[PDB]
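Data block below; observations after.
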Amino acid sequence: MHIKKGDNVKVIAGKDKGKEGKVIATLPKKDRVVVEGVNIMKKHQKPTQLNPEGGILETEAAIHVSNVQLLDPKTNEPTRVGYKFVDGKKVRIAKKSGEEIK
Amino acid sequence: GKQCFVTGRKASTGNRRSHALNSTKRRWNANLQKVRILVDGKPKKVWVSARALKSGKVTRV
Amino acid sequence: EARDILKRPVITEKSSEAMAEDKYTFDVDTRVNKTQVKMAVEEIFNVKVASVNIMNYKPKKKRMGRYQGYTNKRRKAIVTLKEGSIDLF
Amino acid sequence: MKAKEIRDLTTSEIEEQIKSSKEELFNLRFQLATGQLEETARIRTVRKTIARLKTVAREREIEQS
RNA sequence: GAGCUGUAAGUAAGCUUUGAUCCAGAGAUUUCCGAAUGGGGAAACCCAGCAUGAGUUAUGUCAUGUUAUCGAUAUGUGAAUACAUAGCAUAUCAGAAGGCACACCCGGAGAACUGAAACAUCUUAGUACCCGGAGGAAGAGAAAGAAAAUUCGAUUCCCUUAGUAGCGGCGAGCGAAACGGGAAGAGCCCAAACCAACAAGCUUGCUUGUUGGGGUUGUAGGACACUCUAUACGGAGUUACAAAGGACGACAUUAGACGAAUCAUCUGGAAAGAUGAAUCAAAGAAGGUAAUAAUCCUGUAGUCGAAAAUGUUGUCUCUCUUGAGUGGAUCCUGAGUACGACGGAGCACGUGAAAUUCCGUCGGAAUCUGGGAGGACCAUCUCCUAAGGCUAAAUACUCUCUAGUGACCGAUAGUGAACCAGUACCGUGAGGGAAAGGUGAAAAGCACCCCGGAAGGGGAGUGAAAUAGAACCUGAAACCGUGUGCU
RNA sequence: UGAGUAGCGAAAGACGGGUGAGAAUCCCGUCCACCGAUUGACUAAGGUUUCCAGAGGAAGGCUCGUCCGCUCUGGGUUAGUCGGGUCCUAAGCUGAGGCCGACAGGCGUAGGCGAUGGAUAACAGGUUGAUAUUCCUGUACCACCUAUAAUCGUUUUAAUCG
RNA sequence: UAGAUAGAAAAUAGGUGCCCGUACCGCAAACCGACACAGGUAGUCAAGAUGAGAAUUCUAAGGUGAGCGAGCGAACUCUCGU
Ligand SMILES: [Mg+2]
Ligand SMILES: [Mg+2]
Ligand SMILES: [Mg+2]
Ligand SMILES: [Mg+2]
Ligand SMILES: [Mg+2]
Ligand SMILES: [Mg+2]
Ligand SMILES: [Mg+2]
Ligand SMILES: [Mg+2]
Ligand SMILES: [Mg+2]
Ligand SMILES: [Mg+2]
Ligand SMILES: [Mg+2]
Ligand SMILES: [Mg+2]
Ligand SMILES: [Mg+2]
Ligand SMILES: [Mg+2]
Ligand SMILES: [Mg+2]
Ligand SMILES: [Mg+2]
Ligand SMILES: [Mg+2]
Ligand SMILES: [Mg+2]
Ligand SMILES: [Mg+2]
Ligand SMILES: [Mg+2]
Ligand SMILES: [Mg+2]
Ligand SMILES: [Mg+2]
Ligand SMILES: [Mg+2]
Ligand SMILES: [Mg+2]
Ligand SMILES: [Mg+2]
Ligand SMILES: [Mg+2]
C-alpha cells in the first residue's frame, strides 16, 4: 500500500470525509488502514472480561485504503503518490508538487 | 506359447464355415515337431516347423 | 539418541504414586525397545535403573466441532531405579 | 545462531554445538511437560539452529565429495 | 519493503529495516509402506545374515552400510562321462521390473442385445470388453505405384469425385478408388558381385568364416576395364542420410518495476449517483472501494527488468566425406522366396468370372533374351523392378501449464462435489453414493438491568436497518394459530 | 390427514431418608420378589475405549431424569516364565529353475509360508477409582554371559563338540 | 558314527534376558441381527435339600427387579383355572 504507518492523510470518502489524521496502523492483507479519530466504533465490553472495567468502548476502526489520500507537504492538499528512483533508492513523490513525501 | 524356433511359424486364428455359412472361431496350428538341433553350439530339443526342416535347412544333431 | 528416545515425562496421579516407589514414567518413541529406554535414562539422568516396564497405548478418537480424528499412538515406559533419583521438577 | 556464525565454527565445533543444542531442546521439552517453561518460543529457536548446524555440516561434506 | 509466526479466531512466547513474513531460481533434509527387492507378511509390521562401528567385565542392546529375481557381460570351478557340457560360485551393469492421460496410436484376441418389423447368411462390428507394445505423436513412406496424356513421379492429411462404381438371403444394409483442387514436402542406407587382411579345412588347390573396402539400380544399375577430377579445395551433419563435443551471442520461460488525469455541491449511513465546472487517453479492459468511478485503489496502454536454472536458435569450432564419364566380353542385383493347391482371412467387393494381399498345410520357379502389374486368362503394348532396412513435416488426442473467450450454469442449475466429497452413509467385496452457499459497509457480534436452573425472552445499547443477532439478504405456498364483521 | 389414535419390546415391587429448579423413574437404607447347569464366575471370537473419576442435561434413552454404554474434561492396560513371535509341522497357500498355454496366464519340483495340533522355564499372598501369574512381598524356575572353580583332558587322540 | 579340536566343568559369586497382546463388553444394552431388538453366538466352572440324574421344586455363591406409569376391574381378543 502507498499509505504507510505514521503518514498524515485526508479522508476523501466515508462519514469522516474531510478529516485528516496520522495512520496508526495498516492492514496489508485487508487493504485497510487505521486513522486517528476516524471510523470510531462503540464496542460493548464486559466487566466480566479480563479488564476489570466494563462498558461501551470507543476506538478507531479500519477504513479502506482507497478512502484515504496522502496530503502534499507543500500545499497540504490530497495528492496521488508517485515513485522516482534516486541514488538507487525509490522515493515517494507527491504528484501535485513533486516533493518527496517522506 | 508354442512357435517354430527357426522361423517363428505360429498358430493363427480364422473361421470354421458351415455350408449355411455359419461361422465359428477356430485355430490353424503350425506343424511343429520337437527335434534336437544345435543351439548356441549345444544340442537342444526344440519345436521346429516341418517347413523349416524341409530341404535339410535345419541340421538335426 | 537418548534425548530422542525419551520424549517427555508423564505427570498424573498414578505416575506420582509410582514416583514415591522410585518408579518414573516417561512417554517414549514408539519404535524403541525397553533396553534402549533403560540405557537412555541412565545416560541422561546419570542414575542406575533396576527395571523398565513398557506398554503401548492405542490412538484415541477425538472430535473437535464437525472434525473427527485420532490422538497420536503412545508408548509409555515405567522406569524403576535401583540407585539415584530423577528431579522432574 | 545464524548460518554465517556456524560457517565460522570448525566441523568439530558444529558437532559439539549440535550436541549442546539437542540437550538444551530436551531440557525445554521436559520443562514444558512439567509446566515450568513460559518462554515457549525458545524451543523453536533451538530447533532451527540445530537444522542450520546440520545444513552447514552437510554442505561441507558435499564440498569434500 | 513492513510487518510477521497458514486455515483460525484467541491467548502466550516471540521474530523483523543488522531487511521478517512473502515471491522466483538452485540446493539440503526427505520416517514408514508401496514394483518393494535380505527373509517373511493379514500394506504401512515382524525376523535375520554379513561388514564396520557404539556400548557392556561380558552376554543382551544399538548405529551405518550391504544382502531379491531375471537378463547381459566377465571370472573361476565343473556331473553322469575321456575330452567338456550341464550345473555351481563370484563380480559388474542409472539393464528390466512398477505406475499412469477413463485421450490419441499400433498389434493379439474378440461379444451381445440390436437391425433385417421373425431368423440362420448378413447386420450391430472388428464396436464394447480384455491383453501386449508404445510414441510424443503413432502408423505409413521413396513405386515389382497410378495409369493410358503432350503422362505422372515416396508417404500422410483435407476438399471433391459419390451415396457414384460396386457389394448384398441383390433383403436390411454396406460402400470405394483413380483423376482434379489443396496442406506439407526429403530423401536414404544395406545384401550380392569384386578387392585387401586375418583364421580354419593345412594340395600348404583355393574353398570356407570374420573384418575393412567397394556397391545400391529400371533412362536398367553396379562389379569389371579404361579415362578425367579431389585429399577436405569444396560438400555434408547428430530430424533419416555416421557420430559425440566445446565457445560465444540472441531470443524466450520461470520473480518483478515504472505507469496519465477530479474537484465542489445535493440526497444519503456511505457517492462512484444527480448537478456544475474540469482533466487524461498508445490508458474508456476489468475488479475493488459504505449505491453505478477513464481521473480513489488494484490495474490497463506503453515502457523497463534477471543472480540463477531451463528451452529455442544463430555463428564459429568440431566431426565426417572425393566427384563424374565411356565400353558392351564376363559376373552380381534379396529362394523354400515368388507362385500353385486345399482351408481361412483381408481387400467397399458375402467365392464370385475374382484380379490385387496375408495366414496354416503341402507342393514349389525364373534369373535381364529375367521377373511383376495394368480386376479371370492369353497375346501385344505400356508402366514398374518383389522376396532387406531407415526417414522430418503436413495428421490424432489432451491428465497438465500459461493467457484468454462465451446471445454457456447460477445452488433441485452448473461437475457427483461452489461447503473438509468420492466424504457421510450403504455393501463381505467388486461397487453404489448423497445432503449442505448468502449477518453487516465495518464485528461495530447486544456493556448493563430484569424474569428464568438453563433455554428463552423484555428493556438498554451497536447499526442506515436487529422486523440484519449467527444455515443471521429476500422470505411465496401448503400447513398451524389468535382476534374480529357477517353467518 | 389418519390422531392425541396404535404402540411404548416377556418380569415385583413398597416405603423411609437424601439430593435437586424440578423426583414413580437418581443415590442410600430396610423389607419384599426373581435366577441359581444359572439372569452366577471365566474365556475365545467379534467390537474397539464402550473402562475410571469429576462435571453436564441440548440431542440420544420408546415416559421421566438430578441418571446413563450419551455430552464435556482429565485419566486408566506394566510379563525371561501367560497367549503369539525370535521353535515345529497339517490341510491349504506359494513356488528358483521346470512343464504348458493366442496374450493375460495355468500347473508344478526343490524350497518357503501356514494352527484348529506338537514343543516350550512361576507360584501364593497383598494392592488401585480404573492393571495384575504383568506392580509389590515372599519363595522359585529357565536360557545365556563373565569370573573363580573341586575334578577330568591335553592332538592316531578318548577329556570335549558332533 | 562321519567329521571337529585342548580344552571341558560338579559347584560358587555376580550379571543379562526383546517385540506384540493385556482396558472393558463378551448368552450380550458394548458381538451378528438398521433398534439399549423375546432371535443367533465355541469352550471352561457350576454348591445344598430332593433324586438315577447336569431332570424336577425350593435355596446357595453371586446377580437382578427388566427405562413409561396411575386408575378401573365393560364388551371383545389373548394367556390361565374351574
Ligand atoms: Mg522388504
Ligand atoms: Mg430382428
Ligand atoms: Mg423386429
Ligand atoms: Mg515411425
Ligand atoms: Mg544420425
Ligand atoms: Mg493510476
Ligand atoms: Mg465526490
Ligand atoms: Mg483361397
Ligand atoms: Mg486387363
Ligand atoms: Mg442466467
Ligand atoms: Mg435459492
Ligand atoms: Mg448440485
Ligand atoms: Mg448432486
Ligand atoms: Mg380411530
Ligand atoms: Mg381406542
Ligand atoms: Mg394403548
Ligand atoms: Mg419395557
Ligand atoms: Mg433346572
Ligand atoms: Mg461407565
Ligand atoms: Mg426424554
Ligand atoms: Mg503353483
Ligand atoms: Mg518362473
Ligand atoms: Mg494353537
Ligand atoms: Mg477390572
Ligand atoms: Mg482384564
Ligand atoms: Mg449352539
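Residue numbering restarts at 1 in every chain; chains get A, B, ... in the order shown in the C-alpha cells, and ligands count up from 1 in that same order.
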
Let me have all residues with an atom within 8 Å of ligand 8, counting only C-alpha atoms (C1' of nucleotides) and all ligand atoms, laid out as a ChimeraX atom specification. /E:342-344

Selected residues written out with N, CA and C atoms (P, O5', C5', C4', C3', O3' and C1' of nucleotides), as a PDB file, in the first residue's frame:
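Below you can see part.pdb, which holds the result:
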```pdb
ATOM      1  P     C E 342      -8.226 -75.677 -55.054  1.00  0.00           P
ATOM      2  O5'   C E 342      -8.159 -76.135 -53.524  1.00  0.00           O
ATOM      3  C5'   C E 342      -8.366 -77.532 -53.197  1.00  0.00           C
ATOM      4  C4'   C E 342      -8.110 -77.742 -51.726  1.00  0.00           C
ATOM      5  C3'   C E 342      -8.816 -76.778 -50.765  1.00  0.00           C
ATOM      6  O3'   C E 342     -10.185 -77.101 -50.571  1.00  0.00           O
ATOM      7  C1'   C E 342      -6.567 -77.031 -50.116  1.00  0.00           C
ATOM      8  P     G E 343     -11.273 -75.948 -50.311  1.00  0.00           P
ATOM      9  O5'   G E 343     -10.871 -75.464 -48.842  1.00  0.00           O
ATOM     10  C5'   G E 343     -10.994 -76.402 -47.746  1.00  0.00           C
ATOM     11  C4'   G E 343     -10.455 -75.779 -46.483  1.00  0.00           C
ATOM     12  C3'   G E 343     -10.986 -74.389 -46.122  1.00  0.00           C
ATOM     13  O3'   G E 343     -12.291 -74.426 -45.564  1.00  0.00           O
ATOM     14  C1'   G E 343      -8.653 -74.461 -45.800  1.00  0.00           C
ATOM     15  P     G E 344     -13.245 -73.134 -45.631  1.00  0.00           P
ATOM     16  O5'   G E 344     -12.564 -72.220 -44.509  1.00  0.00           O
ATOM     17  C5'   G E 344     -12.517 -70.788 -44.714  1.00  0.00           C
ATOM     18  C4'   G E 344     -11.641 -70.158 -43.662  1.00  0.00           C
ATOM     19  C3'   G E 344     -11.626 -68.625 -43.641  1.00  0.00           C
ATOM     20  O3'   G E 344     -12.713 -68.098 -42.893  1.00  0.00           O
ATOM     21  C1'   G E 344      -9.417 -69.415 -43.702  1.00  0.00           C
TER      22        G E 344
END
```

Near-residue 46 of chain D list (9 Å; only C-alpha atoms (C1' of nucleotides); drop same-chain fewer than 6 positions) as a PDB file with N, CA, C and O atoms, in the first residue's frame:
```
ATOM      1  N   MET D   1      21.496 -19.176  16.355  1.00  0.00           N
ATOM      2  CA  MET D   1      22.781 -18.903  15.660  1.00  0.00           C
ATOM      3  C   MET D   1      22.559 -18.973  14.150  1.00  0.00           C
ATOM      4  O   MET D   1      22.065 -19.979  13.645  1.00  0.00           O
ATOM      5  N   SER D  21      22.998 -28.115  21.663  1.00  0.00           N
ATOM      6  CA  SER D  21      21.684 -27.612  21.293  1.00  0.00           C
ATOM      7  C   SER D  21      20.608 -28.656  21.585  1.00  0.00           C
ATOM      8  O   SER D  21      19.528 -28.309  22.060  1.00  0.00           O
ATOM      9  N   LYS D  22      20.911 -29.927  21.299  1.00  0.00           N
ATOM     10  CA  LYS D  22      19.958 -31.011  21.491  1.00  0.00           C
ATOM     11  C   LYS D  22      19.637 -31.181  22.976  1.00  0.00           C
ATOM     12  O   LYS D  22      18.486 -31.431  23.329  1.00  0.00           O
ATOM     13  N   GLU D  24      19.807 -28.799  25.240  1.00  0.00           N
ATOM     14  CA  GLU D  24      19.011 -27.633  25.599  1.00  0.00           C
ATOM     15  C   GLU D  24      17.551 -27.858  25.208  1.00  0.00           C
ATOM     16  O   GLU D  24      16.651 -27.561  25.993  1.00  0.00           O
ATOM     17  N   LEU D  25      17.328 -28.377  23.994  1.00  0.00           N
ATOM     18  CA  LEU D  25      15.983 -28.626  23.496  1.00  0.00           C
ATOM     19  C   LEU D  25      15.289 -29.655  24.385  1.00  0.00           C
ATOM     20  O   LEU D  25      14.121 -29.481  24.730  1.00  0.00           O
TER      21      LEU D  25
END
```

Can you pull out the residues contacting segment 22-32 of chain B? Cut-off 12 Å, using only C-alpha atoms (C1' of nucleotides), and skip same-chain residues under 5 positions away; I want them as JSON, numbers by chain. {"B": [1, 2, 3, 4, 5, 6, 7, 8, 9, 10, 11, 12, 13, 14, 15, 16, 17, 46, 47, 48, 49, 50, 51, 52, 53, 54], "E": [109, 110, 120, 121, 122, 343, 344, 345, 359, 360, 361, 362], "F": [102]}

So which residues touch residue 11 of chain A within 12 Å, counting only C-alpha atoms (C1' of nucleotides), skipping near sequence neighbours fewer than 3 positions away, as a ChimeraX atom specification? /A:8,14-23,33-39,63-71,77-79 /E:296

Which residues are close to residue 63 of chain F, i.e. within 12 Å by only C-alpha atoms (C1' of nucleotides), leaving aside same-chain residues fewer than 6 positions away? Reply as a ChimeraX atom specification. /F:8,24-25 /G:67-69

Writer output for current selection, C-alpha atoms (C1' of nucleotides), as a PDB file, in the first residue's frame:
```
ATOM      1  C1'   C F   8     -44.062 -47.597  24.458  1.00  0.00           C
ATOM      2  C1'   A F  24     -42.747 -43.337  40.406  1.00  0.00           C
ATOM      3  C1'   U F  25     -38.069 -43.254  37.464  1.00  0.00           C
TER       4        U F  25
ATOM      5  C1'   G G  67     -36.355 -47.396  31.072  1.00  0.00           C
ATOM      6  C1'   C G  68     -43.446 -45.324  30.997  1.00  0.00           C
ATOM      7  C1'   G G  69     -46.776 -45.095  34.894  1.00  0.00           C
TER       8        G G  69
END
```

Residues within 12 Å of ligand 15, counting only C-alpha atoms (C1' of nucleotides) and all ligand atoms: report them as a list in words. residues 3, 4, 5, 6 and 7 of chain F

Counting only C-alpha atoms (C1' of nucleotides) and all ligand atoms, what residues are within 8 Å of ligand 23, given as a PDB file with N, CA and C atoms (P, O5', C5', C4', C3', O3' and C1' of nucleotides), in the first residue's frame?
```pdb
ATOM      1  P     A F 115      -0.413 -69.381  11.477  1.00  0.00           P
ATOM      2  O5'   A F 115      -0.734 -70.770  12.204  1.00  0.00           O
ATOM      3  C5'   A F 115      -1.066 -70.774  13.620  1.00  0.00           C
ATOM      4  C4'   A F 115      -2.427 -71.402  13.805  1.00  0.00           C
ATOM      5  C3'   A F 115      -2.823 -71.768  15.242  1.00  0.00           C
ATOM      6  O3'   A F 115      -4.230 -71.610  15.385  1.00  0.00           O
ATOM      7  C1'   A F 115      -2.717 -73.727  13.946  1.00  0.00           C
ATOM      8  P     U F 116      -4.965 -71.607  16.817  1.00  0.00           P
ATOM      9  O5'   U F 116      -5.532 -73.103  16.832  1.00  0.00           O
ATOM     10  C5'   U F 116      -6.798 -73.386  17.490  1.00  0.00           C
ATOM     11  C4'   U F 116      -7.310 -74.731  17.032  1.00  0.00           C
ATOM     12  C3'   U F 116      -6.243 -75.818  16.824  1.00  0.00           C
ATOM     13  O3'   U F 116      -6.139 -76.636  17.983  1.00  0.00           O
ATOM     14  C1'   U F 116      -7.554 -75.569  14.839  1.00  0.00           C
ATOM     15  P     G F 117      -5.067 -76.342  19.147  1.00  0.00           P
ATOM     16  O5'   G F 117      -4.173 -77.670  19.074  1.00  0.00           O
ATOM     17  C5'   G F 117      -4.820 -78.968  19.162  1.00  0.00           C
ATOM     18  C4'   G F 117      -3.943 -80.022  18.528  1.00  0.00           C
ATOM     19  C3'   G F 117      -2.498 -80.104  19.038  1.00  0.00           C
ATOM     20  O3'   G F 117      -2.374 -80.954  20.170  1.00  0.00           O
ATOM     21  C1'   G F 117      -2.473 -79.883  16.703  1.00  0.00           C
TER      22        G F 117
END
```

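The space separating atom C1' of residue 249 of chain E from atom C1' of residue 26 of chain E comes to 24.4 Å.
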
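Listed by chain and then residue number, the contacts of ligand 2 are residues 115, 116 and 118 of chain E (distance at most 7 Å, using only C-alpha atoms (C1' of nucleotides) and all ligand atoms).
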
Find the distance between atom CA of residue 32 of chain A and atom CA of residue 62 of chain A and write it in Å to one decimal. 5.7 Å

Apply DSSP to the structure's backbone, then extract all residues of segment 6-41 of chain B labelled strand (DSSP E) and return them as number ranges by chain. B: 12-17, 23-28, 32-39

Show me, as an mmCIF file with C-alpha atoms, in the first residue's frame, every residue of chain C with an atom at most 9 Å from chain E, counting only C-alpha atoms (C1' of nucleotides).
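Ended up saving to iface06.cif:
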```cif
data_model
loop_
_atom_site.group_PDB
_atom_site.id
_atom_site.type_symbol
_atom_site.label_atom_id
_atom_site.label_comp_id
_atom_site.auth_asym_id
_atom_site.auth_seq_id
_atom_site.Cartn_x
_atom_site.Cartn_y
_atom_site.Cartn_z
ATOM 1 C CA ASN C 33 12.683 -51.319 22.880
ATOM 2 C CA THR C 35 16.631 -51.916 26.734
ATOM 3 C CA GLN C 36 17.169 -48.714 24.719
ATOM 4 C CA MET C 39 20.304 -47.036 28.656
ATOM 5 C CA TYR C 67 -13.946 -32.735 12.607
#
```

Give as a list in words every residue of chain D that touches chain E within 7 Å, counting only C-alpha atoms (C1' of nucleotides). residues 38, 39, 40, 41 and 55 of chain D

Keeping only C-alpha atoms, write the selected residues as a PDB file, in the first residue's frame.
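Dumped to out_32.pdb:
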```pdb
ATOM      1  CA  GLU D  38       6.917 -19.755  29.984  1.00  0.00           C
ATOM      2  CA  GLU D  39       9.317 -18.783  27.173  1.00  0.00           C
ATOM      3  CA  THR D  40       7.980 -21.391  24.739  1.00  0.00           C
ATOM      4  CA  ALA D  41       9.494 -19.593  21.718  1.00  0.00           C
ATOM      5  CA  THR D  55      22.802 -27.976   6.879  1.00  0.00           C
TER       6      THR D  55
END
```

May I have the residues of chain C within 12 Å of chain G, counting only C-alpha atoms (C1' of nucleotides), written as a PDB file with C-alpha atoms, in the first residue's frame?
```pdb
ATOM      1  CA  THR C  30       7.031 -45.647  19.599  1.00  0.00           C
ATOM      2  CA  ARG C  31       9.808 -47.662  17.910  1.00  0.00           C
ATOM      3  CA  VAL C  32      12.189 -48.110  20.876  1.00  0.00           C
ATOM      4  CA  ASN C  33      12.683 -51.319  22.880  1.00  0.00           C
ATOM      5  CA  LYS C  34      12.868 -51.238  26.694  1.00  0.00           C
ATOM      6  CA  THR C  35      16.631 -51.916  26.734  1.00  0.00           C
ATOM      7  CA  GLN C  36      17.169 -48.714  24.719  1.00  0.00           C
ATOM      8  CA  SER C  51      13.961 -52.346  35.668  1.00  0.00           C
ATOM      9  CA  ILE C  54       6.756 -50.815  28.857  1.00  0.00           C
ATOM     10  CA  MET C  55       3.289 -50.673  27.272  1.00  0.00           C
ATOM     11  CA  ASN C  56       1.633 -49.364  24.089  1.00  0.00           C
ATOM     12  CA  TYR C  57      -1.377 -47.024  24.040  1.00  0.00           C
ATOM     13  CA  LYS C  58      -3.700 -47.115  21.017  1.00  0.00           C
TER      14      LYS C  58
END
```

Test item: residues lying within 9 Å of ligand 25 with only C-alpha atoms (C1' of nucleotides) and all ligand atoms, as a PDB file with N, CA and C atoms (P, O5', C5', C4', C3', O3' and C1' of nucleotides), in the first residue's frame:
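Now in pocket-v6.pdb:
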```pdb
ATOM      1  P     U F  77      -2.127 -48.008  33.165  1.00  0.00           P
ATOM      2  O5'   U F  77      -2.891 -49.243  32.486  1.00  0.00           O
ATOM      3  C5'   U F  77      -2.998 -50.500  33.208  1.00  0.00           C
ATOM      4  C4'   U F  77      -3.091 -51.657  32.239  1.00  0.00           C
ATOM      5  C3'   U F  77      -1.909 -51.846  31.271  1.00  0.00           C
ATOM      6  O3'   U F  77      -1.730 -53.195  30.860  1.00  0.00           O
ATOM      7  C1'   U F  77      -3.843 -51.587  30.035  1.00  0.00           C
ATOM      8  P     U F 131      -8.788 -52.682  37.108  1.00  0.00           P
ATOM      9  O5'   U F 131      -7.381 -52.344  36.426  1.00  0.00           O
ATOM     10  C5'   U F 131      -7.268 -52.360  34.977  1.00  0.00           C
ATOM     11  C4'   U F 131      -6.030 -53.126  34.578  1.00  0.00           C
ATOM     12  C3'   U F 131      -5.925 -54.557  35.123  1.00  0.00           C
ATOM     13  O3'   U F 131      -6.532 -55.510  34.261  1.00  0.00           O
ATOM     14  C1'   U F 131      -3.949 -53.363  35.656  1.00  0.00           C
ATOM     15  P     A F 132      -6.920 -56.975  34.797  1.00  0.00           P
ATOM     16  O5'   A F 132      -5.476 -57.658  34.897  1.00  0.00           O
ATOM     17  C5'   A F 132      -5.207 -58.603  35.968  1.00  0.00           C
ATOM     18  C4'   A F 132      -3.726 -58.614  36.267  1.00  0.00           C
ATOM     19  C3'   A F 132      -3.225 -59.726  37.196  1.00  0.00           C
ATOM     20  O3'   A F 132      -2.814 -60.861  36.444  1.00  0.00           O
ATOM     21  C1'   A F 132      -2.099 -57.609  37.543  1.00  0.00           C
TER      22        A F 132
ATOM     23  P     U G  22      -3.966 -54.556  24.069  1.00  0.00           P
ATOM     24  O5'   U G  22      -4.041 -55.427  25.408  1.00  0.00           O
ATOM     25  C5'   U G  22      -5.118 -56.390  25.558  1.00  0.00           C
ATOM     26  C4'   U G  22      -4.957 -57.120  26.868  1.00  0.00           C
ATOM     27  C3'   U G  22      -5.145 -56.260  28.129  1.00  0.00           C
ATOM     28  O3'   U G  22      -5.791 -56.980  29.169  1.00  0.00           O
ATOM     29  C1'   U G  22      -3.039 -57.266  28.189  1.00  0.00           C
ATOM     30  P     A G  23      -7.366 -56.830  29.446  1.00  0.00           P
ATOM     31  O5'   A G  23      -7.534 -55.247  29.582  1.00  0.00           O
ATOM     32  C5'   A G  23      -6.876 -54.553  30.672  1.00  0.00           C
ATOM     33  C4'   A G  23      -7.581 -53.242  30.911  1.00  0.00           C
ATOM     34  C3'   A G  23      -9.107 -53.315  31.036  1.00  0.00           C
ATOM     35  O3'   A G  23      -9.496 -53.531  32.386  1.00  0.00           O
ATOM     36  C1'   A G  23      -8.514 -51.677  29.421  1.00  0.00           C
ATOM     37  P     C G  24     -10.310 -54.851  32.805  1.00  0.00           P
ATOM     38  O5'   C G  24     -11.681 -54.579  32.029  1.00  0.00           O
ATOM     39  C5'   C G  24     -12.544 -53.519  32.508  1.00  0.00           C
ATOM     40  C4'   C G  24     -13.585 -53.217  31.460  1.00  0.00           C
ATOM     41  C3'   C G  24     -14.426 -54.408  30.986  1.00  0.00           C
ATOM     42  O3'   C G  24     -15.492 -54.708  31.876  1.00  0.00           O
ATOM     43  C1'   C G  24     -13.703 -53.123  29.126  1.00  0.00           C
TER      44        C G  24
END
```

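All residues, whether protein, DNA or RNA, that have an atom at most 10 Å from ligand 26 (counting only C-alpha atoms (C1' of nucleotides) and all ligand atoms) are residues 40, 41 and 42 of chain G.
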
Can those selected residues be exported to a file as a PDB file, in the first residue's frame so that it contains N, CA, C and O atoms (P, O5', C5', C4', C3', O3' and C1' of nucleotides)?
```
ATOM      1  P     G G  40     -32.114 -68.509  19.900  1.00  0.00           P
ATOM      2  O5'   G G  40     -30.829 -68.192  19.001  1.00  0.00           O
ATOM      3  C5'   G G  40     -30.705 -68.820  17.701  1.00  0.00           C
ATOM      4  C4'   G G  40     -29.398 -68.414  17.065  1.00  0.00           C
ATOM      5  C3'   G G  40     -28.130 -68.610  17.906  1.00  0.00           C
ATOM      6  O3'   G G  40     -27.644 -69.948  17.861  1.00  0.00           O
ATOM      7  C1'   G G  40     -28.121 -66.450  16.951  1.00  0.00           C
ATOM      8  P     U G  41     -26.876 -70.607  19.112  1.00  0.00           P
ATOM      9  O5'   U G  41     -25.535 -69.740  19.195  1.00  0.00           O
ATOM     10  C5'   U G  41     -24.572 -69.805  18.114  1.00  0.00           C
ATOM     11  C4'   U G  41     -23.386 -68.936  18.455  1.00  0.00           C
ATOM     12  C3'   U G  41     -22.801 -69.110  19.862  1.00  0.00           C
ATOM     13  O3'   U G  41     -21.966 -70.259  19.951  1.00  0.00           O
ATOM     14  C1'   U G  41     -23.028 -66.810  19.378  1.00  0.00           C
ATOM     15  P     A G  42     -22.450 -71.563  20.759  1.00  0.00           P
ATOM     16  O5'   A G  42     -21.149 -72.492  20.795  1.00  0.00           O
ATOM     17  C5'   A G  42     -20.580 -72.980  19.553  1.00  0.00           C
ATOM     18  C4'   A G  42     -19.129 -73.332  19.777  1.00  0.00           C
ATOM     19  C3'   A G  42     -18.755 -73.837  21.176  1.00  0.00           C
ATOM     20  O3'   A G  42     -18.989 -75.231  21.331  1.00  0.00           O
ATOM     21  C1'   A G  42     -17.265 -72.125  20.539  1.00  0.00           C
TER      22        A G  42
END
```

Please identify all protein, DNA and RNA residues within 12 Å of ligand 12, counting only C-alpha atoms (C1' of nucleotides) and all ligand atoms, and report them as a PyMOL selection string. chain E and resi 409-419+421+434-437

Any chance you could export the current selection's C-alpha atoms (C1' of nucleotides) as a PDB file, in the first residue's frame?
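After the write, result_23.pdb holds the following:
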```pdb
ATOM      1  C1'   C E 409     -24.886 -22.554 -15.420  1.00  0.00           C
ATOM      2  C1'   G E 410     -26.128 -19.524 -11.433  1.00  0.00           C
ATOM      3  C1'   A E 411     -27.098 -23.516  -5.612  1.00  0.00           C
ATOM      4  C1'   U E 412     -33.221 -29.030  -7.324  1.00  0.00           C
ATOM      5  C1'   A E 413     -28.910 -25.317 -12.225  1.00  0.00           C
ATOM      6  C1'   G E 414     -23.721 -25.977 -13.248  1.00  0.00           C
ATOM      7  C1'   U E 415     -19.011 -31.264 -12.022  1.00  0.00           C
ATOM      8  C1'   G E 416     -21.306 -36.480  -8.012  1.00  0.00           C
ATOM      9  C1'   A E 417     -18.678 -32.462  -5.268  1.00  0.00           C
ATOM     10  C1'   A E 418     -19.346 -23.675  -5.134  1.00  0.00           C
ATOM     11  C1'   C E 419     -19.443 -26.178   1.573  1.00  0.00           C
ATOM     12  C1'   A E 421     -16.961 -35.118  -1.365  1.00  0.00           C
ATOM     13  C1'   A E 434     -25.649 -38.073  -1.003  1.00  0.00           C
ATOM     14  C1'   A E 435     -27.342 -33.533   1.667  1.00  0.00           C
ATOM     15  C1'   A E 436     -25.384 -28.976   2.734  1.00  0.00           C
ATOM     16  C1'   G E 437     -23.853 -21.267  -0.362  1.00  0.00           C
TER      17        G E 437
END
```

Given a cut-off of 8 Å, what residues near ligand 20 show up using only C-alpha atoms (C1' of nucleotides) and all ligand atoms, put as a ChimeraX atom specification? /F:61,63-65

Between atom CA of residue 33 of chain D and atom CA of residue 53 of chain D lies a distance of 25.9 Å
